[PDB]
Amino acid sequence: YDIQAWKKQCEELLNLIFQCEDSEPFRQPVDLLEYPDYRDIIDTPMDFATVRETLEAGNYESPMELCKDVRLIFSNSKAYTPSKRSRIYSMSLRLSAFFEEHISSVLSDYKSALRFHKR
């Protein structure tokens, strides 16, 4: 029932994601010089360093907000990919599955703690 526990749990999940080779195209903003049409397709860019920095600045109120930004990294990859068989998109699918598998308990524990607090 620790209402604050989600923050360090998310910091540790982010460390695992940064060690995963599949995260490399998503660690920093998409290079607009390499993909000049990126902002014509994507309205809101997102990357793992921005998620980490937002978390570290104390600018997420809940793990649900962090989840929404991580999921935006994956929907952007799905929207920008020219093919569902592309290399970078194939990396985002695996990383999405890894993230969803690990974030489920963080969300569940946080929601459980809030419910206990409301009692």
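The term rigid core refers to the most C-alpha atoms you can superpose between the two forms while keeping them within 1.5 Å. The first residue of the sequence shown is number 1, and the count goes up from there.
**Q** Which stretch is less alike in 8 other deposited structures of this protein, 32 to 40 or 72 to 80, counting RMS CA distance after the rigid core is superposed?
**A** Checking 32 to 40 against 72 to 80 in 8 other deposited structures of this protein, I find the farther stretch is 32 to 40.
**Q** I'd like to know which segment deviates more from the shown structure in 8 other deposited structures of this protein: 85 to 93 or 62 to 70, using C-alpha RMS over all structures and residues after a core fit.
**A** Output: 85 to 93, the stretch lying farther off on average in 8 other deposited structures of this protein.
**Q** Which wins on mean Cα temperature factor, 31 to 39 or 81 to 89?
**A** Higher mean C-alpha B-factor: 31 to 39.
**Q** Looking at the deposited entry, does 41 to 49 or 63 to 71 carry the larger mean Cα B-factor?
**A** It is 41 to 49 that shows the higher mean C-alpha B-factor.
**Q** Looking at the temperature factor on the CA atom of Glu12, which third of the chain's modelled residues does it land in?
**A** Middle third by C-alpha B-factor.
**Q** Could you tell me which third, lowest, middle or highest, the C-alpha B-factor of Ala113 occupies within its chain?
**A** For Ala113, whose C-alpha B-factor we compare with every modelled residue in the chain, the answer is the highest third.
**Q** Ranked by Cα temperature factor within the chain, is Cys20 in the lowest third, the middle third or the highest third?
**A** For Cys20, the deposited C-alpha B-factor lands in the highest third.
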